[PDB]
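**Student:** My questions all concern the structure below.
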Amino acid sequence: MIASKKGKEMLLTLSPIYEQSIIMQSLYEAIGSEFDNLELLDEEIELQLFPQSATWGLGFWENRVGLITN
Amino acid sequence: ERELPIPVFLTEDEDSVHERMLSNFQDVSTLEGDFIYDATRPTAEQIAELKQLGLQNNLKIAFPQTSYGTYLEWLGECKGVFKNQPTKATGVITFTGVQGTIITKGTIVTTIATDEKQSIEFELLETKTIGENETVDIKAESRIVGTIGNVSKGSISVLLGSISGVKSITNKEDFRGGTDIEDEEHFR
Amino acid sequence: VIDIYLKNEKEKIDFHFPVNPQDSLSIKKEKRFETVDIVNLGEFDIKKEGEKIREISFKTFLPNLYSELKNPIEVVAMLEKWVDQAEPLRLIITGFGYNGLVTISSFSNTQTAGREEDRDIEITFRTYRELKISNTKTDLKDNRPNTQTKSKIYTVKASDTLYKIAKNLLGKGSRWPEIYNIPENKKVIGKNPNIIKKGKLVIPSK
Amino acid sequence: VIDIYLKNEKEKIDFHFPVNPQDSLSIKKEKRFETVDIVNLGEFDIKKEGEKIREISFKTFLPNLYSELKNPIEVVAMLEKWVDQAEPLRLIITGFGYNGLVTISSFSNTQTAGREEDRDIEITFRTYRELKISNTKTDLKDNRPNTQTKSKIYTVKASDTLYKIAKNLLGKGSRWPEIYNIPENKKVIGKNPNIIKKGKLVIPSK
Amino acid sequence: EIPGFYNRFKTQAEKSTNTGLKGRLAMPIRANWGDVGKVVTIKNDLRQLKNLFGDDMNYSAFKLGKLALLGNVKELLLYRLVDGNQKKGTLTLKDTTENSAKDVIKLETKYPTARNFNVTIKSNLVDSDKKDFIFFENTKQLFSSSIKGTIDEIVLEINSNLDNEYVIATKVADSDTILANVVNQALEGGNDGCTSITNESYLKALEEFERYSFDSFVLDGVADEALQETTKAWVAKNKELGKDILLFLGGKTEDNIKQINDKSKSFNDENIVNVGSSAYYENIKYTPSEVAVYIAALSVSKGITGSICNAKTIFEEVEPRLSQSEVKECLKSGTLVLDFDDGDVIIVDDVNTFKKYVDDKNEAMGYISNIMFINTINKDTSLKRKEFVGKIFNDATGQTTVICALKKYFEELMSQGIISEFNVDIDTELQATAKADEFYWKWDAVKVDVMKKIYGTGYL
Amino acid sequence: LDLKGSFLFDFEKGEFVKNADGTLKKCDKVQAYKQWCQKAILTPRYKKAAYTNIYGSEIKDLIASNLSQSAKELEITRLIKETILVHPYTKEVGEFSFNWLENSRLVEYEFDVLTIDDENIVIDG
Amino acid sequence: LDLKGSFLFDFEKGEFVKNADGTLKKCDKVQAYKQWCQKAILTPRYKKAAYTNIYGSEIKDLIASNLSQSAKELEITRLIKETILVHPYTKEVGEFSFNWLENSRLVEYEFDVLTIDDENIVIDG
């Protein structure tokens, strides 16, 4: 069975024939994994947009304000 | 507030994504409901939803021209401007009852909850005793910040519990200590 | 056995005629063609490719007391309302073996001298059709009639997303900004379109 | 039970038919639409947005002696006068459940060989409609028919003021100078329009 | 009222929609409010349920009652099960002028309960000779009225006004001066009896329900094995008395598919139904025992013609989602299972616990609609029976009268389209030894079933 | 369209509902529309000079009329239907019912349908 | 026209058939069309969000309907016929048959006709 949350939803969006399809289930498990990562990545970009939650993007903010990035 | 220009890429149509995805296939059928369509269409649809919603919202919160909420606050902190905070309604409540009765700080008295309106909770800021005169006045405060509260003169008439000997609880004058969160657009 | 069902959809009403269509049903069919004469040869028949609208008509009486039933006055008001309905009606006739979208062309009621409660009905239908006004390639035909209706106000469910609501309830799915840009939807929805809650009432356009 | 009432208003007459409409009433309804053919597709039905004028017709006899009654000759003279009336008539039919403004299209009487006192009547009505020829904003629709009539001469009451008379009796209320500028109104009214007396007879225009 | 024109407005939910419903259901409800220890009939009205038993979702009365109400049952026979220890909220109000503070009035809740009814009396600001009596439920105002100082009027005025369906005043003693001002005095001493309901206490409701008649019975959202076995025997007993009661049950929350199916297999009576799945409804979970209330209501509401073979339930999500194989096992075991399909929770196949045997003709007995159809005919014949047992002369003309009555009654079922063919005739065998109320007759009918499955074969 | 909200007015008490703050209790567009409908029904037509000819009804005048019972039923339907439908938010009013509970004392029902009650077709090219 | 082939999928096993090489078993245009037809029949309409309104059928929803037997037969004919005919390759579907083998449990047949099944006139000037 698909492990990815997004994979399960995307598989359910198709016709119901794929209950036993290991191939299709494995396929959308892989697709769901990437979309899960992108959603996490997308949330990560939101943190970079501010100096308070910049995290690894804080160097950009330090670069923006001229502070010695380190 | 200002409208947000959006890059053309972030506003791509779902079918345009799917059409590009199916461009390379030329041997196998790509009809709707076909297996190749099944493999590709959910990806194209998911991309469009994420691209149109997730990314555009991220662009919106970037600048103070279009940011909001906590996001707009932090951009206020970039240039050291803070939005105003709310306050609790403050006022005085008159109590009448047996002189031996004692009223403690932290006691809760509210307004009359009804079907139309819910009761506004207020807390006493002082501990007093009725021992000298049957009437006493206790400073009180709304338990919730904001202009909620700031009630009329005789609004406060409800005690959640039941204190022995108390004959009547009535606010004497309208409360005035309340003020709401500053408007986002005003803060913007 | 014979029955007649009118399944209105813009008004979700599944009307079943209390009374069978009196004397006899009948449907014509006439090929769409034109006649042309040619000098020294005479007449000829040229078929025209398009089809032809054809009518179904009959007459009934709506009895006062009979198996499901309703007042004849309300039924007449129901049908007379449906006459002006732009959207099509689904007509099914069991014994006659007819099934297809139609629209009421003409309708008439009548109160006879006796039997004042009943209403003699004479109704006529027209076969209904629809007008469906890059990278050319063969694809599925657009033959399916799109006769389906939904409430003008939507209650958001737990798993829903604004894109998903647009596709399920407004077709292409990229139509979501039409839902969002309505000020009532903007008020109830947060300033982030991507965030939504179970409950919030949302108003699809049109 | 069935009754027919014709409530004329420009002549404040509430006529009630002494006799029910003979054999059978009937009203049609036909959707306003046009047919168009398309090359290689055939016919299609396009609904036209506007509604359609529909007719109600029947026939009666005005008996000489029967429950309220009047001479058939006068009744025919009454209706024949109403045929030329530009203003609309209100027609109510109890058992048929019809109620709406109509105007008489055609009317005809007849004296049979016997029964010389009675007059066989055949009458036809047409559904009536009205033609209602800054700072744009939504407001109440002008759907209410304005069928109401008042005497052409007004007797001023105690509390009345000339502005109030204009609004009650001529609509907008700012129309008062139309009442005043009539020389008869100027003569009876004082030179001050703002001053008026109970009694003074006043003539609204038109 | 004065002659003239009057008008009001109401929400469409307030429409008298009770018309057209069917079926009768029973419940031994736990309730915070209302009559105790008696059966009460409700005509499928939410407000009626609200007034009669409050609206506390924590208590099984309003919660399960709402679900059964949503099941479109014509009449719901509710019994306020109680633990004992029953008490009514009560309070005593005292006079001012007497320095001993004479107690003159006792107030009491209309029904036993434990909810926070409170009283606030303040000096009437317009006139000290009167005082404003405001009745509270917790912080919420519930009723207000000014009153004269005399005690008899005060008790009368409290008992007079419309909004005192909750509390009834009572005079303890007479006095001249008005009651003492007080604020939010709770009517202490009450008790709803919901605490620690005994297993035995359910049996009291059962015997009370027996004198009444109802199409089905469902437990109060409880999966206790002893109650189920007790109710199993109780319903079986009532069958022998001619009362054909259909029982709905639901296994415990922690029971897996294995436990549920074994429970259904363990008792395979056609009068018993096991729900094998919890369900969701605005984020509030409902155990299989709780869901059986809604299942029972839908089955009862469908009556004869309808069935729940694929009915779309009101529920929003079912926690145990089963594969087709798991569904097949549960369905084979007599377990009734709700399945999730495209955002819709749908009951499947209308089964009951009777699936072990299905011995040819008894295959139909495994479905709820078939049993409901059978029980109703027995009830109708039983009604016609009691009109004639020892009350019509047992002659051929009289017997022909009875057959005419029964035959016409079945002919009504033909008019409904329920039955394709039927026959009712003299039971010549048992007629050999007839007596005054021992005339015997036989019949058989062909019930029309609801379409359940379709098989298509695409030739190409 | 952009219809706007209005302020509550308890017709039972004949007074505006006001919050503990003392400000009058605002309410929704749909609540305001329902408030408006009851007011318009209770306002006789042509008599209260503040409003034009569109506003108001004529139900009170029908009481003195000599029309039969059935005729009065239709007039009630016409009058109520005409008065309500002037509002933009109305879609349709109908399903009228009547019950002459006594010899000559009547109770009647009718059902109102909002613009939002419409059903929308789901299709796009 | 140039319809294209597709990949087999054993509906009995609910899995793709793959060669000993491990590649999925390709198959003919006509085989692909038959594969598509069965899939489209089994796909309920308007519910599986990947596909538009054209794709899918509504046979499952008909089970809960209250229509008579004969009415349901026509609806089955309409629904199956409408779903299949969207494919370009379809010429005609018909010759429907029904058999209510039990009281309320049905078996039905229908015959599909391809574009290639057409008969061609033989003539040239």
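In the structure tokens, each chain is lettered A, B, ... as it comes, each chain's residues begin at 1, and ligands are numbered from 1 in order of appearance.
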Check every residue of chain E for an atom within 7 Å of chain B, counting only C-alpha atoms, and provide those that qualify as a list in words.

**Tutor:** residues 122, 139, 140, 141, 181, 182, 183, 184 and 185 of chain E

**Student:** Please produce a file of the residues just selected, as a PDB file, in the first residue's frame, where the atoms kept are N, CA and C atoms.

**Tutor:**
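See part_38.pdb below for the written result:
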ATOM      1  N   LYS E 122     -33.627  40.664  42.502  1.00  0.00           N
ATOM      2  CA  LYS E 122     -33.115  41.991  42.791  1.00  0.00           C
ATOM      3  C   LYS E 122     -34.289  42.931  43.006  1.00  0.00           C
ATOM      4  N   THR E 139     -24.982  30.653  33.693  1.00  0.00           N
ATOM      5  CA  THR E 139     -24.901  32.088  33.449  1.00  0.00           C
ATOM      6  C   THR E 139     -25.984  32.597  32.508  1.00  0.00           C
ATOM      7  N   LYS E 140     -26.740  31.713  31.862  1.00  0.00           N
ATOM      8  CA  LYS E 140     -27.732  32.136  30.885  1.00  0.00           C
ATOM      9  C   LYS E 140     -29.046  32.483  31.567  1.00  0.00           C
ATOM     10  N   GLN E 141     -29.602  33.638  31.215  1.00  0.00           N
ATOM     11  CA  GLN E 141     -30.963  33.954  31.618  1.00  0.00           C
ATOM     12  C   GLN E 141     -31.921  32.974  30.961  1.00  0.00           C
ATOM     13  N   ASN E 181     -33.400  39.899  48.313  1.00  0.00           N
ATOM     14  CA  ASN E 181     -32.626  39.964  47.084  1.00  0.00           C
ATOM     15  C   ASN E 181     -31.492  38.954  47.141  1.00  0.00           C
ATOM     16  N   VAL E 182     -31.334  38.188  46.063  1.00  0.00           N
ATOM     17  CA  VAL E 182     -30.245  37.228  45.935  1.00  0.00           C
ATOM     18  C   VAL E 182     -29.872  37.153  44.463  1.00  0.00           C
ATOM     19  N   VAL E 183     -28.668  36.651  44.194  1.00  0.00           N
ATOM     20  CA  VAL E 183     -28.119  36.591  42.844  1.00  0.00           C
ATOM     21  C   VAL E 183     -27.632  35.176  42.579  1.00  0.00           C
ATOM     22  N   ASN E 184     -28.252  34.512  41.604  1.00  0.00           N
ATOM     23  CA  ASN E 184     -27.735  33.267  41.041  1.00  0.00           C
ATOM     24  C   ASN E 184     -27.633  32.167  42.098  1.00  0.00           C
ATOM     25  N   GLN E 185     -28.701  32.002  42.871  1.00  0.00           N
ATOM     26  CA  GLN E 185     -28.759  30.938  43.864  1.00  0.00           C
ATOM     27  C   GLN E 185     -29.114  29.629  43.174  1.00  0.00           C
TER      28      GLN E 185
END

**Student:** I need the contact residues of chain A against chain G, so if you could list those with any atom within 10 Å, counting only C-alpha atoms, and return them as JSON, numbers by chain, that would help.

**Tutor:** {"A": [10, 11, 12, 13, 14, 15, 16, 17, 18, 19, 20, 21, 22, 23, 24]}

**Student:** Just asking: which residues within region 46-116 of chain F are helix (DSSP H, G or I) according to DSSP, as a PyMOL selection string?

**Tutor:** chain F and resi 59-63+69-85

**Student:** Find the residues in chain C near chain B: any atom within 12 Å counts, using only C-alpha atoms. Write them as a ChimeraX atom specification.

**Tutor:** /C:134-142,161-167,171-177,180,190-196

**Student:** With N, CA, C and O atoms retained, export the selected residues as a compact mmCIF listing (two decimals), in the first residue's frame.

**Tutor:**
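Dumped to out_26.txt:
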# COMPACT_ATOMS: atom_id res chain seq x y z
N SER C 134 -5.27 24.23 -29.58
CA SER C 134 -3.81 24.11 -29.87
C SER C 134 -3.37 22.65 -29.81
O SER C 134 -3.94 21.86 -29.06
N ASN C 135 -2.34 22.31 -30.59
CA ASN C 135 -1.81 20.95 -30.64
C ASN C 135 -2.90 19.96 -31.06
O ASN C 135 -3.33 19.09 -30.30
N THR C 136 -3.34 20.13 -32.31
CA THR C 136 -4.43 19.33 -32.84
C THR C 136 -4.08 17.84 -32.82
O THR C 136 -2.99 17.44 -33.23
N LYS C 137 -5.02 17.04 -32.33
CA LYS C 137 -4.84 15.60 -32.19
C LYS C 137 -6.17 15.00 -31.77
O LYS C 137 -7.00 15.67 -31.16
N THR C 138 -6.36 13.72 -32.10
CA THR C 138 -7.62 13.06 -31.78
C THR C 138 -7.79 12.93 -30.27
O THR C 138 -6.83 12.71 -29.54
N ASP C 139 -9.03 13.08 -29.82
CA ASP C 139 -9.36 13.03 -28.41
C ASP C 139 -10.82 12.62 -28.27
O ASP C 139 -11.54 12.48 -29.27
N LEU C 140 -11.25 12.41 -27.03
CA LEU C 140 -12.63 11.99 -26.79
C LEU C 140 -13.60 13.05 -27.27
O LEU C 140 -13.37 14.25 -27.12
N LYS C 141 -14.71 12.60 -27.85
CA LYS C 141 -15.74 13.53 -28.28
C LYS C 141 -16.48 14.10 -27.08
O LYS C 141 -16.55 13.47 -26.01
N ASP C 142 -17.04 15.29 -27.25
CA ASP C 142 -17.82 15.95 -26.21
C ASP C 142 -19.31 15.67 -26.39
O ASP C 142 -20.14 16.56 -26.54
N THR C 161 -9.85 21.29 -0.54
CA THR C 161 -8.96 22.41 -0.83
C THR C 161 -9.64 23.26 -1.89
O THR C 161 -10.47 22.78 -2.66
N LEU C 162 -9.27 24.55 -1.91
CA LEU C 162 -9.97 25.50 -2.76
C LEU C 162 -9.88 25.11 -4.23
O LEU C 162 -10.84 25.29 -4.99
N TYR C 163 -8.74 24.56 -4.65
CA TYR C 163 -8.65 24.06 -6.01
C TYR C 163 -9.60 22.90 -6.23
O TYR C 163 -10.28 22.82 -7.26
N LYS C 164 -9.68 21.98 -5.26
CA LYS C 164 -10.55 20.82 -5.40
C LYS C 164 -12.01 21.24 -5.49
O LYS C 164 -12.78 20.66 -6.27
N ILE C 165 -12.41 22.24 -4.71
CA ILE C 165 -13.78 22.73 -4.78
C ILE C 165 -14.06 23.31 -6.16
O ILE C 165 -15.15 23.11 -6.71
N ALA C 166 -13.10 24.03 -6.72
CA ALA C 166 -13.30 24.62 -8.04
C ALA C 166 -13.54 23.55 -9.09
O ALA C 166 -14.44 23.68 -9.93
N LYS C 167 -12.75 22.48 -9.06
CA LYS C 167 -12.89 21.46 -10.10
C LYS C 167 -14.18 20.68 -9.93
O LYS C 167 -14.92 20.46 -10.90
N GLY C 171 -15.79 22.97 -12.60
CA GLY C 171 -15.21 22.45 -13.82
C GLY C 171 -13.69 22.39 -13.86
O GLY C 171 -13.10 21.42 -13.37
N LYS C 172 -13.06 23.40 -14.45
CA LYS C 172 -11.65 23.29 -14.80
C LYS C 172 -10.74 23.17 -13.58
O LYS C 172 -9.64 22.63 -13.69
N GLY C 173 -11.17 23.68 -12.43
CA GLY C 173 -10.36 23.66 -11.24
C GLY C 173 -9.43 24.85 -11.10
O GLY C 173 -9.23 25.34 -9.98
N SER C 174 -8.87 25.33 -12.20
CA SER C 174 -8.14 26.59 -12.18
C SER C 174 -9.06 27.79 -11.97
O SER C 174 -8.56 28.90 -11.77
N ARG C 175 -10.38 27.60 -12.02
CA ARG C 175 -11.38 28.62 -11.76
C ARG C 175 -11.45 29.03 -10.29
O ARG C 175 -12.35 29.82 -10.00
N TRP C 176 -10.59 28.54 -9.40
CA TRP C 176 -10.70 28.90 -7.99
C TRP C 176 -10.69 30.41 -7.71
O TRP C 176 -11.40 30.83 -6.79
N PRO C 177 -9.91 31.26 -8.41
CA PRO C 177 -9.95 32.68 -8.04
C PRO C 177 -11.31 33.31 -8.21
O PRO C 177 -11.62 34.30 -7.53
N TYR C 180 -12.74 32.77 -4.91
CA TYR C 180 -12.08 33.57 -3.88
C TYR C 180 -12.40 35.05 -4.03
O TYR C 180 -12.67 35.73 -3.03
N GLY C 190 -9.90 33.01 5.01
CA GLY C 190 -8.76 33.80 5.42
C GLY C 190 -8.12 34.50 4.23
O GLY C 190 -8.45 34.26 3.07
N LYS C 191 -7.19 35.40 4.54
CA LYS C 191 -6.50 36.10 3.46
C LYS C 191 -5.63 35.17 2.64
O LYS C 191 -5.30 35.51 1.50
N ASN C 192 -5.26 34.01 3.18
CA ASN C 192 -4.55 32.99 2.41
C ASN C 192 -5.58 32.11 1.72
O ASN C 192 -6.33 31.41 2.41
N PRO C 193 -5.65 32.09 0.39
CA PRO C 193 -6.56 31.13 -0.25
C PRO C 193 -6.20 29.69 0.03
O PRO C 193 -7.09 28.83 0.09
N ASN C 194 -4.91 29.40 0.22
CA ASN C 194 -4.48 28.02 0.40
C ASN C 194 -4.98 27.41 1.70
O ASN C 194 -4.98 26.18 1.83
N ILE C 195 -5.41 28.22 2.66
CA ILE C 195 -5.89 27.75 3.96
C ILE C 195 -7.41 27.86 3.97
O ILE C 195 -7.97 28.89 3.57
N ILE C 196 -8.07 26.80 4.44
CA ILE C 196 -9.52 26.75 4.50
C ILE C 196 -9.91 25.83 5.65
O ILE C 196 -9.10 25.02 6.11

**Student:** Restrict the distance test to only C-alpha atoms, flag each residue of chain G within 9 Å of chain C, and return the flagged residues as a VMD selection string.

**Tutor:** chain G and resid 1 to 3 46 to 47 49 52 to 55 67 to 75 78 82 to 83 85 to 88

**Student:** Do a neighbour search on region 91-98 of chain F at 7 Å with only C-alpha atoms, toss out local chain neighbours closer than 3 positions, and write the hits as JSON, numbers by chain.

**Tutor:** {"F": [77, 81, 107, 108, 109, 110, 111, 112, 113, 114, 115]}

**Student:** Could the residues of chain F within 7 Å of chain B, counting only C-alpha atoms, be given as a list in words, please?

**Tutor:**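 Per the criterion, chain F yields residues 20, 21 and 22 of chain F.
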
**Student:** For residue 158 (chain C), list every protein, DNA or RNA residue within 9 Å, evaluated using only C-alpha atoms, and leave out those in the same chain fewer than 4 positions away; present the list as a VMD selection string.

**Tutor:** chain C and resid 196 to 199

**Student:** Pull N, CA, C and O atoms from the residues just selected and write them as a short mmCIF file (atom, residue, chain, number, x, y, z; two decimals), in the first residue's frame.

**Tutor:**
data_model
loop_
_atom_site.label_atom_id
_atom_site.label_comp_id
_atom_site.auth_asym_id
_atom_site.auth_seq_id
_atom_site.Cartn_x
_atom_site.Cartn_y
_atom_site.Cartn_z
N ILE C 196 -8.07 26.80 4.44
CA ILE C 196 -9.52 26.75 4.50
C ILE C 196 -9.91 25.83 5.65
O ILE C 196 -9.10 25.02 6.11
N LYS C 197 -11.16 25.94 6.10
CA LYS C 197 -11.64 25.21 7.26
C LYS C 197 -12.95 24.50 6.93
O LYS C 197 -13.75 24.97 6.13
N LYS C 198 -13.15 23.37 7.60
CA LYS C 198 -14.41 22.66 7.52
C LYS C 198 -15.53 23.51 8.09
O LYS C 198 -15.32 24.27 9.04
N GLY C 199 -16.72 23.38 7.51
CA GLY C 199 -17.89 24.07 8.01
C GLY C 199 -18.87 24.41 6.90
O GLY C 199 -19.06 25.58 6.57
#

**Student:** Within 10 Å of residue 75 (chain D), counting only C-alpha atoms, which residues show up once you throw out same-chain ones fewer than 3 positions away? Write them as a PyMOL selection string, please.

**Tutor:** chain D and resi 15+17+62+69-72+78-81+119

**Student:** With N, CA and C atoms retained, write the just-selected residues as a JSON list (two decimals), in the first residue's frame.

**Tutor:**
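File written: part_1.json
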[["chain", "number", "residue", "atom", "x", "y", "z"],
["D", 15, "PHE", "N", -67.35, 43.86, -10.93],
["D", 15, "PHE", "CA", -68.33, 43.03, -11.60],
["D", 15, "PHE", "C", -68.11, 41.57, -11.24],
["D", 17, "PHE", "N", -69.56, 37.78, -12.38],
["D", 17, "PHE", "CA", -70.32, 37.15, -13.45],
["D", 17, "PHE", "C", -71.51, 36.39, -12.87],
["D", 62, "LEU", "N", -76.08, 35.94, -20.00],
["D", 62, "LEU", "CA", -76.46, 36.83, -18.92],
["D", 62, "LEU", "C", -77.96, 36.68, -18.68],
["D", 69, "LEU", "N", -77.69, 40.60, -9.27],
["D", 69, "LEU", "CA", -78.06, 40.55, -10.67],
["D", 69, "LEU", "C", -78.28, 41.96, -11.20],
["D", 70, "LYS", "N", -78.22, 42.07, -12.53],
["D", 70, "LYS", "CA", -78.43, 43.33, -13.23],
["D", 70, "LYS", "C", -78.92, 43.01, -14.64],
["D", 71, "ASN", "N", -79.47, 44.01, -15.31],
["D", 71, "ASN", "CA", -80.04, 43.79, -16.63],
["D", 71, "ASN", "C", -78.94, 43.35, -17.60],
["D", 72, "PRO", "N", -79.21, 42.38, -18.48],
["D", 72, "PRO", "CA", -78.17, 41.97, -19.43],
["D", 72, "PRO", "C", -77.77, 43.08, -20.39],
["D", 78, "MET", "N", -71.91, 47.78, -20.17],
["D", 78, "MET", "CA", -70.80, 47.94, -19.24],
["D", 78, "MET", "C", -69.53, 47.33, -19.81],
["D", 79, "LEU", "N", -69.61, 46.08, -20.26],
["D", 79, "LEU", "CA", -68.41, 45.40, -20.76],
["D", 79, "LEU", "C", -67.92, 46.03, -22.05],
["D", 80, "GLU", "N", -68.83, 46.35, -22.97],
["D", 80, "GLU", "CA", -68.43, 46.97, -24.22],
["D", 80, "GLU", "C", -67.73, 48.30, -23.97],
["D", 81, "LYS", "N", -68.17, 49.03, -22.95],
["D", 81, "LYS", "CA", -67.43, 50.22, -22.54],
["D", 81, "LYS", "C", -66.04, 49.85, -22.05],
["D", 119, "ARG", "N", -78.71, 37.12, -22.98],
["D", 119, "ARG", "CA", -77.71, 37.49, -23.98],
["D", 119, "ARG", "C", -76.55, 36.52, -23.85]]

**Student:** For chain B against chain A, with a cut-off of 8 Å and counting only C-alpha atoms, what is the closest atom pair and its distance in Å to one decimal for every residue that makes the cut, ordered by chain and number, as CSV?

**Tutor:**
residue,atom,partner,partner_atom,distance
B:38,CA,A:14,CA,6.5
B:42,CA,A:10,CA,5.9
B:43,CA,A:31,CA,7.7
B:54,CA,A:42,CA,7.3
B:55,CA,A:42,CA,7.4
B:58,CA,A:46,CA,6.0
B:62,CA,A:49,CA,5.9
B:74,CA,A:50,CA,7.1
B:75,CA,A:50,CA,7.4
B:78,CA,A:51,CA,7.6

**Student:** Dump N, CA, C and O atoms for the selected residues as a PDB file, in the first residue's frame?

**Tutor:**
ATOM      1  N   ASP B  38      -3.585   8.352 -16.819  1.00  0.00           N
ATOM      2  CA  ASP B  38      -3.711   8.112 -15.387  1.00  0.00           C
ATOM      3  C   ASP B  38      -2.410   8.421 -14.665  1.00  0.00           C
ATOM      4  O   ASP B  38      -2.418   9.006 -13.577  1.00  0.00           O
ATOM      5  N   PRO B  42      -2.760  13.314 -12.545  1.00  0.00           N
ATOM      6  CA  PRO B  42      -2.709  13.770 -11.148  1.00  0.00           C
ATOM      7  C   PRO B  42      -1.474  14.585 -10.833  1.00  0.00           C
ATOM      8  O   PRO B  42      -1.552  15.532 -10.041  1.00  0.00           O
ATOM      9  N   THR B  43      -0.336  14.258 -11.443  1.00  0.00           N
ATOM     10  CA  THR B  43       0.857  15.072 -11.254  1.00  0.00           C
ATOM     11  C   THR B  43       0.641  16.479 -11.790  1.00  0.00           C
ATOM     12  O   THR B  43       0.971  17.467 -11.126  1.00  0.00           O
ATOM     13  N   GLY B  54       0.182  27.548  -3.248  1.00  0.00           N
ATOM     14  CA  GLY B  54       1.276  27.568  -2.290  1.00  0.00           C
ATOM     15  C   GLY B  54       2.316  28.625  -2.602  1.00  0.00           C
ATOM     16  O   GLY B  54       2.736  29.380  -1.722  1.00  0.00           O
ATOM     17  N   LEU B  55       2.741  28.703  -3.862  1.00  0.00           N
ATOM     18  CA  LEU B  55       3.822  29.617  -4.207  1.00  0.00           C
ATOM     19  C   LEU B  55       3.347  31.062  -4.227  1.00  0.00           C
ATOM     20  O   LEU B  55       4.054  31.958  -3.753  1.00  0.00           O
ATOM     21  N   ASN B  58       3.124  32.462  -0.837  1.00  0.00           N
ATOM     22  CA  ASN B  58       4.455  32.779  -0.334  1.00  0.00           C
ATOM     23  C   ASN B  58       4.928  34.126  -0.857  1.00  0.00           C
ATOM     24  O   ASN B  58       5.509  34.923  -0.111  1.00  0.00           O
ATOM     25  N   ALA B  62       5.631  37.986   1.327  1.00  0.00           N
ATOM     26  CA  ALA B  62       7.007  38.468   1.328  1.00  0.00           C
ATOM     27  C   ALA B  62       7.079  39.946   1.687  1.00  0.00           C
ATOM     28  O   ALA B  62       7.814  40.337   2.601  1.00  0.00           O
ATOM     29  N   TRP B  74       6.288  40.832  11.367  1.00  0.00           N
ATOM     30  CA  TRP B  74       7.734  40.664  11.316  1.00  0.00           C
ATOM     31  C   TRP B  74       8.367  41.685  10.385  1.00  0.00           C
ATOM     32  O   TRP B  74       9.437  42.227  10.681  1.00  0.00           O
ATOM     33  N   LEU B  75       7.716  41.969   9.257  1.00  0.00           N
ATOM     34  CA  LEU B  75       8.195  43.043   8.399  1.00  0.00           C
ATOM     35  C   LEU B  75       8.116  44.385   9.109  1.00  0.00           C
ATOM     36  O   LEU B  75       8.911  45.287   8.823  1.00  0.00           O
ATOM     37  N   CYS B  78      11.242  44.403  10.974  1.00  0.00           N
ATOM     38  CA  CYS B  78      12.417  44.696  10.161  1.00  0.00           C
ATOM     39  C   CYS B  78      12.826  46.151  10.323  1.00  0.00           C
ATOM     40  O   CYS B  78      14.004  46.459  10.532  1.00  0.00           O
TER      41      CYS B  78
END

**Student:** Identify every residue of chain C that has at least one atom within 7 Å of any atom of chain D, counting only C-alpha atoms, and report the result as a VMD selection string.

**Tutor:** chain C and resid 49 to 53 80 83 to 84 86 105 to 113 129

**Student:** How far is it from CA of residue 87 (chain E) to CA of residue 195 (chain E), in Å with one decimal?

**Tutor:** 12.4 Å

**Student:** Give me, as a list in words, the residues of chain F touching chain G, with the criterion being at most 12 Å (counting only C-alpha atoms).

**Tutor:** residues 122, 123, 124 and 125 of chain F

**Student:** The selected residues should be written to file as a short mmCIF file (atom, residue, chain, number, x, y, z; two decimals), in the first residue's frame (atoms: N, CA, C and O atoms).

**Tutor:**
data_model
loop_
_atom_site.label_atom_id
_atom_site.label_comp_id
_atom_site.auth_asym_id
_atom_site.auth_seq_id
_atom_site.Cartn_x
_atom_site.Cartn_y
_atom_site.Cartn_z
N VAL F 122 -22.94 22.69 -13.29
CA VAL F 122 -21.50 22.45 -13.14
C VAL F 122 -20.97 22.00 -14.50
O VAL F 122 -21.15 20.85 -14.91
N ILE F 123 -20.32 22.92 -15.22
CA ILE F 123 -19.70 22.59 -16.49
C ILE F 123 -18.78 23.74 -16.92
O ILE F 123 -19.06 24.91 -16.65
N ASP F 124 -17.69 23.40 -17.61
CA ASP F 124 -16.85 24.39 -18.26
C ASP F 124 -16.09 23.72 -19.39
O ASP F 124 -15.75 22.54 -19.31
N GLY F 125 -15.81 24.49 -20.43
CA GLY F 125 -15.09 23.99 -21.58
C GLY F 125 -13.59 24.01 -21.37
O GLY F 125 -13.11 24.09 -20.24
#
